[PDB]
Structure formats: structure tokens, C-alpha cells
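Atoms considered below: every heavy atom in the structure, side chains included; atoms not considered: hydrogens, waters and symmetry mates. Numbers restart at 1 for each chain; the letters A, B, ... are given by sequence-line order, proteins then strands. Both ligands and their constituent atoms are indexed starting at 1 by order of listing.
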Amino acid sequence: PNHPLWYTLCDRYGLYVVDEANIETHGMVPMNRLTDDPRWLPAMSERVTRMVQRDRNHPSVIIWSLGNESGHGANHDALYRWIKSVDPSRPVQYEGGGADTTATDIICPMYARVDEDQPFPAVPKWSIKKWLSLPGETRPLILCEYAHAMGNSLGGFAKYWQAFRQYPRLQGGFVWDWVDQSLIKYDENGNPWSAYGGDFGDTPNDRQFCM
Amino acid sequence: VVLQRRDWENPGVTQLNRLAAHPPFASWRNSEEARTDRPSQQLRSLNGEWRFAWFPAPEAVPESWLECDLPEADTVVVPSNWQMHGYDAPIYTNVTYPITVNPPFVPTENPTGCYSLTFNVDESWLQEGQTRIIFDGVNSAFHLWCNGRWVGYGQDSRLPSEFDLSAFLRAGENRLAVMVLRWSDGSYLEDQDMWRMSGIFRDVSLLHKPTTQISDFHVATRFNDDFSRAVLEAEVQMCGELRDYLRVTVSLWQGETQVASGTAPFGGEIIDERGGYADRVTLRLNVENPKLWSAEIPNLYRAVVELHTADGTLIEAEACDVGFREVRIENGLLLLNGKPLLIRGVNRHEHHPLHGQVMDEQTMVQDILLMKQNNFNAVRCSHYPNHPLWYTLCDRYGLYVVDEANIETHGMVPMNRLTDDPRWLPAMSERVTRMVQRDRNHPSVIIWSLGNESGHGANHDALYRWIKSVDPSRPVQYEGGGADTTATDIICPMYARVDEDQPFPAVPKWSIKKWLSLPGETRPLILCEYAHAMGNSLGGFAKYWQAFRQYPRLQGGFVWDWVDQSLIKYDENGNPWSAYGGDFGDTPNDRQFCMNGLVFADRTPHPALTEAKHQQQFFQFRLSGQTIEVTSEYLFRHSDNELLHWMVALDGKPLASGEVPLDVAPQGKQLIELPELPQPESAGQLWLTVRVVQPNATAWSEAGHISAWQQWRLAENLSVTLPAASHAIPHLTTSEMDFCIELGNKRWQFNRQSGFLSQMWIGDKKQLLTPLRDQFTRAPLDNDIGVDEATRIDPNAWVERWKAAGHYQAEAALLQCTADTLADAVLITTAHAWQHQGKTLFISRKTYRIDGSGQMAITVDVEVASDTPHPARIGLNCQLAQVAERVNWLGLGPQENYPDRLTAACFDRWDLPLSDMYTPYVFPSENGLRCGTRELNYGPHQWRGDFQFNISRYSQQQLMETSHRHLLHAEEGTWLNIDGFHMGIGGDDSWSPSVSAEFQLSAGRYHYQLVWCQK
Amino acid sequence: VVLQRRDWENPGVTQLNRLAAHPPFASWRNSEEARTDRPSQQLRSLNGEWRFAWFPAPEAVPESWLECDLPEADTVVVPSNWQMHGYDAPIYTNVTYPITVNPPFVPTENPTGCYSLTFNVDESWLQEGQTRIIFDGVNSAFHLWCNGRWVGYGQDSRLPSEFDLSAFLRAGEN
Ligand SMILES: CC(C)S[C@@H]1O[C@H](CO)[C@H](O)[C@H](O)[C@H]1O
Ligand SMILES: CC(C)S[C@@H]1O[C@H](CO)[C@H](O)[C@H](O)[C@H]1O
Ligand SMILES: [Mg+2]
Ligand SMILES: [Mg+2]
Ligand SMILES: [Mg+2]
Ligand code: NA
Ligand code: NA
Ligand code: NA
Ligand code: NA
């Protein structure tokens, strides 16, 4: 969840908002190790519940998100239901565990391609055009992350928008992402330079991936 | 620190350093011991003699108690409830919380139980591996110290709390210190309608586990379409250092036969982007033609889970009983093994009259045996997880179980205040999740329940989905918030009626027949609670079973409830009496509302049990001329331990009997043709009776057990012969104050002032102590009373409608009293009015006809004002001087029966001791009635006609004025009540009028006739 | 006691004495102010110059800091990230946890940031009603004290933690 003023501005300037619970457990093995452990359900619920209690009156919030990259766990299903129950006015989405689980009203894959299947075991990233029409699938598809804007990038961006416009149930997505996460450091001359992972002696690091 | 935090007044702390929940462990170090479910050296009980001190609050606990035993502490048995030893009072309150409703705060005066144990610990336990202590039940919260150091803290009274003592114990002598608080924030979720007790009331034990251990295992059985093939899927999780040489073997056993086995190293399938569970493995075992588990045939297998090295060295083994069964709801039906269930269920609290809420194996077996012997096939763990042994016994004996999370917040306003509060979700989740983690492997558990009477809150929906997600094999049910909310797979109303809508706002109880077909509704309906068995009750129980049998989606319910929650107290003599709410100085209380059982606390049957047995029969019957059609309601088993006894009797006298073995397929039919039955010369009504008898003993029944019965009227020959013209003619002695009839040594005295038969004489012996008077009231039943109290009058209850109309203080006013000498008899015509405040309630018009044979033919005609509430009975009573040892009657019996609870009774000649004609309900009322009676014999007396009666040393007046059964005193002589008509007893609930229109005495005009004579 | 519980290593405890979450409040005592979303006298910002000291672990925090400003401490702007003032390094890591994966435990060397503020509360605030403190964002967990007395504890870095201070405050300096 964001600084409170953010929603006020989005209400006033006019932006659709996905409000995301502060739950990401990416580093776990497997990703859902905590989110499937019921002992961690309390800690997870307060992050989902207290968000809803804070932000539920803001018009700009149109979708609730259960968090990010925490696989799919039973805890997600319980909290999915909790939100649907407490606030019917907004869809609930969550990408973890393969982007189309029972914890999401929206097929929300990250970096799934327009035409090309990436058929990973357990958690495939189907081509977005194919994904929609998989046996028994009815839901809308909006990419929670796509078009990784890392350095010289957005190659093939037009291909997404041709798909979005042609396919009713392809309803767009959220580019990743808005702003480079670089910090200001200073050299011997006192000149500011853009710094990334590893420039603060931080290690292990993931270098320029913050940009 | 411990005093500073107050973890017992914080719903965000429910545990500190508590280990994970898991299914039953024993950490066997020998496979064969595991396979056979024999004792484990690694599971030590700490039950027995413990040290115990009591304090008014935790602040009054001396700091010394942690390191040194207190000399003032008495030695007591554990497990126990400390109220049962007398340290403070047990509180019975139904809905209203036993404490002040101020969450999360409990009283400052918080009764504290300071348990301590000095115990020996083997060195081999501490040199390697892990040693945990398991508290199966601590009510309601506790802190734990081992040798002076703090271990942890735990809540939820009805689930095992487990802590690791590995770093805490030393070899030789150790001391445990358990500080148990009576009230915690956990108490807010523990508001079940039962005795509020506390203490270490379930087993304490020590479990030793290797450092490399089985930490968890889940067993699943899926099937093909016809249940001829199964796949047993066992997921095993481990704790300890992962090694490549580590293996898990799951083997499945039917008796001594190994039916299947598989072995794999650790490392599950890829789950997501990060891989899989390295610390887990799943084993799949193919099973052909599995023997299916059901309550009808509890076929069980044994799974053994071996944690071992690849070179064959066993590290540890765990195990469990496995029932092959599929539970699913499809097309609106609850199916077990593809077959629609009919739940013959009961709610069962964990209650002992002596030991309180401590449970023992013997009591558990006794209940099971009784339930099964009375055609019960299912049980609801109202309203909390049970003693772990209970599920094992339901697995083995065959009972369908509803496992209920320990969550009840009945006293909140509104009921869902907490369960809709997201701050109470964590505490609620622990009670649901730890139940499922502990009990998920038991075949007998077929339905998960989210708790009881806590309205419907968002937390219920979240936990509903959680179970559906974690265990798809069982339906989830929850009654709260209207019985059909999004939190329940089953429409599970409590005390919803068969035909009658109760359209309460927001939470209506629709007639179960209407409920099913409400626009858009598709789910099955199984009453989570019905037929409230409070005192003289189960009126209209047959009406439920007629509906269950007729409507497919009506799949039964759970009677409320199994066992009276009375407690044993002792008088000045030292004699024991059954005690209820308020008998311990507890207040506010809800008196006898704790007593709703089909059996007494000692497990003595109530008359109602036999009604439940009859309606829950597994064989139905049709008579068509000479042919008996037997239909089995069994889903799986053939009638392979069943033979049909039949019996034709004429007014009690046997004429022909016989046996035919029953050979009915599940759900099938068998036609049985009766041999040409001999014609009887004499007058009367022929009655066919059939009984189903199990010739052979079972695990749950002795040989000769009667499982079902039914009766029909066959031919009736009406008496056309005139009784022989008697010689003697009785004489009328007309007096100023009396009419007297004389025949030999016999005399009848009719008082001309009152208008009643004041005395009868046989020679010099008087027959009556009180004259023969009309009666229109009864000692009010619990159903007549309801939640009506003197402190707050409910004017709608039967007892109050009656009281207000004057039924109980209505005085008889003579209107007519004449005598006439007939050709061969004397005729006494009388007329009475029962009045109150100028209102004529009832008019009784009578003729007494005494002829030469010495027979008094009483003809009674009663008018009942239409605007007076319908009376409890239209009858006669008197006190007989005689006291005989035997009561003998031709009518319904042997047991107590009322108009709306008489289907289980059979018409026949019955002979019982006078005591048996009285039912000892702990709260006294009308009792002992027998209906459809044509002849009653008591000592010299015989009464004939078509009437109902009870007979005892207890008057209606004494019964209605006496609060407890032990305060009752035999009066001089014998009180007799003979009713032409008697109002139903109801019982659909016990807090509103529940007697159906057809069983109310509403006709306005009523006629009956008696014949009185000496034999 | 705080040292002895270690609430930052227990997923069972995520808050102590924290008030219920709710939509944004200002507690206007005048309707027109509320209609126009103008500032509220009842909602004060405590942003600005706070006193700050850095410790390698919570164990390294002197008990004296509860009642006295530590002389070693610097004066810093709040809100801030103490990494941005240079007290320790920020860490950029994508997937791999910045700390050893051993739930629920964290490293014994746990960079502790000791923030303090001397501020004045008005008379009228304490005579009637309720005075709560709102921390809109604290990363990753914190214990609060007011005037030496312990108030509570909170987790979740991205949601406001609110605590009641009605009992804890005095008029003038706190
Ligand atoms: C490297 C992938 C396996 S994870 C990948 O890293 C990205 C780097 O910007 C983003 O954080 C994405 O959300 C994440 O899925
Ligand atoms: C009096 C009703 C409003 S509550 C009623 O009390 C009963 C008494 O045994 C049972 O506890 C029922 O479960 C409960 O619904
Ligand atoms: Mg608590
Ligand atoms: Mg209740
Ligand atoms: Mg914590
Ligand atoms: Na589109
Ligand atoms: Na990045
Ligand atoms: Na049925
Ligand atoms: Na009760």
C-alpha cells in the first residue's frame, strides 16, 4: 500500500489503481512456503485486511491485489474470499502460483508473451491470446507486469497493443515499471552520479536490475 | 515479564513457542509395533497424581512456586477439572457469557490453577533427539515452566498444545509448573452452552522424536466411478537435516496382509517458480477392490509411515487407521461412496457427571455402543474438537463424524461481532486450522464445521475457503447467520421445523421442506440440531423422519443432544443427587437447560431414546393382506445378521409366531408371505408385530439385539354378545349429604356437595384417599415452560398461557347432581363448571352407571371454551389407598409414551413394577404416561375403555412444586391419572410453543368412557 | 522485557496495543473545513527535526535512552531512511532475501534505529478526548515509548500504525 496522499491524487487527477497488500515472499523455496503455512496466515491477513480498511473509500482503487510473487497458498484463498466478502465492489487479483489460480478474478500474468508460449512446469506463461481460450477459462486477462523497461527495452511493445485492441478479453496490462530505482552517490569532486546494487558495498546484490 | 504482558487479554497472542499441530504421533522405533497400534516407549503419559494449588488471580501466585513445591498444595488427579475437586464453583450459563462482555479483557479476579509435577526423565531421551510435552486439553489458557525456566503459553481449550522441552530438561528429577487461567481472551470464543469449567482436563504426555523426524503426514483416498479401484496418496513432511540417504516408505495393511507398499526419497514435485518442497514426498499406492469404510461396515486398513535410511535402518515410524471412503456433494446430495446418506445423528458434549469434562475410554465406548444400539450412525462434536481417542473409536465402530472448530461467540451482540472483526481472524483461524491439521486423517470425520452460534462474519468465509482449499475431501458446514450462508456447503439449520415456517427477521427458520426449494437453492439440508430432548420431549420426532424419508435432499440431522449435563452433588446424609445450573451457587444461570439428553448422565435411557431408535430404523415395512414387504435402508450391507420374528396376538394373547431369515440387498426389498393364520373364536383386535433380531453378536451389539419393529391391526371382531344378566341389583341410599350405592360388601359414596365419587368401599377397606375429580392440567414439562422465569415472564409459553387463564387454580362448581334407580342399575348424573374470574373454562357432564355385576360405567362429556388456551389433558384423577408392586395394562408400551411420541410403543399386555411407571426426569413434570390403553390393572382395580394414564406415588401438585427429583417423597397410596385426551409434549425446540395443532386439544367438545370394577 | 520477548522474531506477534485500522481521519470540529478538505487543528504533523542514534543491535541500546536524549545522537529530518543519511548501507537484492532464510529468526546483528522527539502537547488536548499517534510508515518493525513508559509495538512497513497516547502524555514537553 502506498503513501496515503497517492490515492487522493489518483482520485483527483484520474488514474485507475491496483492496491496491493504488502506481501511478497519471493525468496522462499518453494515460493509458497509461508503462504501455505497456516501459522503465517495471521501476519498475512493483517496486511490484506488493514489495507482494505484504510483504502476502501477511494474511488481510484478499482482492483484489490493480494500481494506479489509469493506463489499460491491456502492463505491466499482464504484472504481472497475475505475481500470478496467484505468488499464486493472491487475484483481481487493475484498473480502468484501461475496467474490463474482460484485466488484471482483476473488472469494477471507477468511477462507472458503475445504469441509465444513459455510452457514452464507447474506455472506456465501461456501466450496471452492462447491463455484466454484454454478449456473452461472465462476470465479477463490483464498483465500485472509486462514489457520490462530495463535500459534499452520495450522491443515488441506494439505487439501487445495490437493484441489488446483485437481481443476483447485482453484488456491491457501494467508496464514494468515507472521509474529507475537509482540513488545519488558523490565522487571525489562532489559530483552526483546514479548508483545501483553493489555501489553501497551491499552484497549479495542484483546490480542494475533495480533500474 | 509474564505478569507485565497479560497475554491472556490479547487475541493477538494465542500461543508462545507452541509447536505446530499435526496428526496423532507416537514416534515408534519398530515398524511392527506401529502396524498393530500397540503402546510406544516414546510416548509416556504424565497422567496420575499431580500437585495443585488454587489462587483467586495470577497476581497472587508466589514467585517461589516456579522453583519450589508449595506445602499447602494438595495432591490431585490429572487430568481433571478443578471445579470437580471443589476449589471453586462450576458455572452453567447458556448464552450469556459467564464473564463481563468487554473484549479482550477478562476479570481481574481470574481463578488460577497452579499445577506442578516432579517426574523422572531417562538419559536416553536427552542424549539425542527431541522431547516435547503435549497438553491435550487445558481450559482456558496457561503458562508453562520447566525447572523454573519459562517454556511457553497456549490458548484454545479443546486442542493439544505442544512445547519443546529438549533444551529445558535435565537427567533424573524435573519439575513442571503449569499456571492455568480460568478466563482468557480465548474465553470469548468458548461460549458453548455447557458447564463452564477449567484446568488440565485432558491427557498430558511426553513424546520423544528423533531430530530427523516425521513432522507431518496427510492421507488421501480417491476412487474410480464404481469404487473398484483406489489410489491412496500419502504426503509426508519431515524436520531435521536433509540427507540423500533418507527415505520414506508407506505401506498399507489389511489385517496382517500387506496390500501395497512404496518407497521414495525426499523432494516433492515442482510447485512454482522457486521449485518444490525438498522436505516432503508423496507416495501413491494403487489398491484394487478396496474394502470400503462406512458406518455400516467400518472396513479399516493400516498405513505405516516409515522414516528410514536407504541401508534399511529405521529412524522412526508413525501410522494411522485408513478408511477407504469418498465424501462429496453432487446434484444437491451428500454422497458417501456414491450413495446418498441419511444422517441418523446426535450432538454429543464431552460430559461425565463425576469427572466433569474429563473423558475416559470406557464412557466413550459406552456412548458409541448405546448410539449404535439405538440406530444412530453419526455424531456431531458439539461444539469443539474432541478427545483424540473419540475419532479412533468412531473410525473403528463406525460413526460418521462432524468435527467442529472450538469457536462459539453466542453472547455477543450481534452474534457475529467478533467473527466479522478482522482482528479476531487470527485467533479464529488457529482454532480451525489446528483442528484440520490434527484430525484430517480420520475416516470417520466426513464433514468439517467452522464452529457454532457465532453469527456469520467475514472470518467464517475466509476459513470456509481455507478448508475447501486445504482439504477438498470433506464438505464444510456452518449454521451461523441463517444456516444457508456462503460459509456452508450444507443447509444446516437448528430447530427448523418440518412444515412450520418461523420467519424471524434476517435469520428465518423455514420449514425444512420449504427451505430446500427456495428460489435458487440447491444444497442438501441436514439439521445440525433438531428435536430438543429437554425432559419429556421428542414430540413430533416421527414427523421429521417421514420428511427425511420422503425428500431426497432432506438427509436427516443431529438430535440435540446425547447426554444430560447433570453433575453429582451430595446431601447431608452423603447420598448422591443429580445437580443442574444454580445448584452450585452459580449466577446468572440457565437452570435445567443443560439437560437435553437422550440419556441421563449415568447413561440411563430416557423414554425418548426408544422413539429415536424406532424412527431411525434401517428396515421399513409394508403390510398388504398376507404379505410383508421389508425394505432395507442400508446403502452398502446385506442383511447378513438379521432374521424377522413375527407374532399375531389377540388382545395380548399370543396365537401364532414364527421366524423368517432376512435376505435384503442394500436398498432392496424382500416379500414375506404369512402362513394362513388361524381364526380366533373370541372377540377383539388381532395385532401383528414384527421384530428384526440380530442372531449374532457384533462389536456394538450382543446376540439377540432387536434392531427394528413395527405393528399393524389385522382383523377386528367386535363384541356382540350381551354380558349374562346379573342377579344382584344395587341399592341407592339417598342421604342429605351423600348418594350411596351398595352391592354386597361393595359401596360407592357420591358426595352431594362437591359432585364427586368421594369414597369406595370393599367391605371395611376404603379405596380412595382423595375423591375422583376431573383434571385439565399437568405438571408442566420443560417444553410447556420454555425460557420462562419468575424474574422475566414469557406470556407465550404454555405454562404461562395456562397460569394466566386460571387453569391451575380453577375451582369446581357443582351444577347438577342427581341419582336414579334403573331396572338393574343405579345412575349418577353430574355436571360441573370450572371457573376463573367469572369465565367458565370447562364444563364436565358425567353419568355413573353401577349395575349388578359391580361395574361402574363412567361416561364423561367435556366442553372447553374456545377462547381459553387448549388444556394439557381432559381426564380424571384420584389417590388410591392401595399400593401394589405390579402395574398391568393392555395398551401401548412398555415405556412412557405420549400422543406425539408413541410410534415406538407397541400395543400389548404389559407388566411392570410400579417404579417403572415413573420416569425420573431430574426436573420433575408429568411423566410415565401410556396411551391407547384399553385395560389397566392395579391391585384389586381394573379400568376399561380407550384412554391414556400414568400411575405413581407422585401427585401432579408435588411434581410441579418440586424443583429436583431427589427432593421427591412418595405420598401415601397411589396417584392415578386417567385421561380421555392428552396434549402433545412438543420438543421441536424448548423455548417456544412447539406442540403441533393436531396434538392440541382444540375440538371444543370431548367424549370418553371408563368402566371401573374390581377383579 | 522488550529485550526478553523478541517480538520481531515471532510471526504470532505483529502488533501490541495498536489501534484498529480505518479510513483517513482528520477529526474536524467544523463541518465547512471538512467539506472543503482544509487543514484540521486536530491533525498535527510531527515531521521535521528528530533526534537519531544508530546501533548494531537492539541489545546495544542503552537503557538510558528511554528518558534522556543520548548526547551521541545527531539531529535528523523525519520522515527519512537512515540509509539515506549514511548511517548504514542500503541493500539492493531482487529475489534472494537480504538476510539468511531462517524463519522466523533474524540476524543477531540487527541495525537498530533509535528515534526520539521532544515535542509539546497543548493543555486542551489532554483534558478531553483521545490523543493518538499515527506512524504512516515504519520499516520494518518498531517499539514505541512515550515519556519512558512503553506504549506498544508494530509491524508491516507500508501501513499506518496508530497508538493511543491519552494516558501517556503531559501538558508541555513530552
Ligand atoms: C529474474 C526473474 C526470475 S524475477 C523478475 O525480476 C524482475 C527484475 O526487474 C522483476 O522484479 C520481476 O517482477 C520478477 O518476476
Ligand atoms: C434459548 C435459545 C434462544 S438458544 C438455544 O439454547 C438451547 C438450550 O439447550 C441450545 O443450546 C441451542 O443450541 C440454542 O440455540
Ligand atoms: Mg491472548
Ligand atoms: Mg449457544
Ligand atoms: Mg513479530
Ligand atoms: Na481488449
Ligand atoms: Na527490478
Ligand atoms: Na432423504
Ligand atoms: Na443445553
Would you call the rings of B/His143 and B/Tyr153 parallel, tilted or perpendicular, taking 30° and 60° as the class edges?
tilted
Does the side chain of B/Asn406 come under 3.5 Å of the side chain of B/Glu190 through a donor N or O and an acceptor N or O?
yes
With respect to the Mg ion (ligand 3), please indicate if B/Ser184 possesses an N, O or S atom at a distance under 2.8 Å.
no
Check ion pair B/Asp191-B/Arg196 (N to O, under 4.0 angstrom):
yes
Tell me which N, O or S atom from B/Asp7 is the closest to the Mg ion (ligand 3).
O
Check whether any N, O or S atom of A/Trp176, backbone or side chain, sits closer than 3.0 Å to the Na ion (ligand 7).
no
Which atom of B/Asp185 approaches the Mg ion (ligand 3) most closely (N/O/S)
OD2
Quick check: does B/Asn10 put an N/O/S atom under 2.8 Å from the Mg ion (ligand 3)?
yes
Can you tell whether the side chains of B/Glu500 and B/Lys543 come within less than 4.0 Å, N to carboxylate O?
no
Taking 4.0 angstrom as the limit, do B/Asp988 and B/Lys509 come out as a salt bridge?
no
Roughly, to 10 degrees, what angle do B/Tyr551 atom O and B/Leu554 atom O form around the Na ion (ligand 8)?
70°
State whether B/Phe548 contributes an N/O/S atom found under 3.0 Å from the Na ion (ligand 8).
yes
Can C/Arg18 and A/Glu46 be counted as an ion pair, charged N to O under 4.0 angstrom?
yes
Quick check: does B/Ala427 put an N/O/S atom under 2.8 Å from the Mg ion (ligand 3)?
no
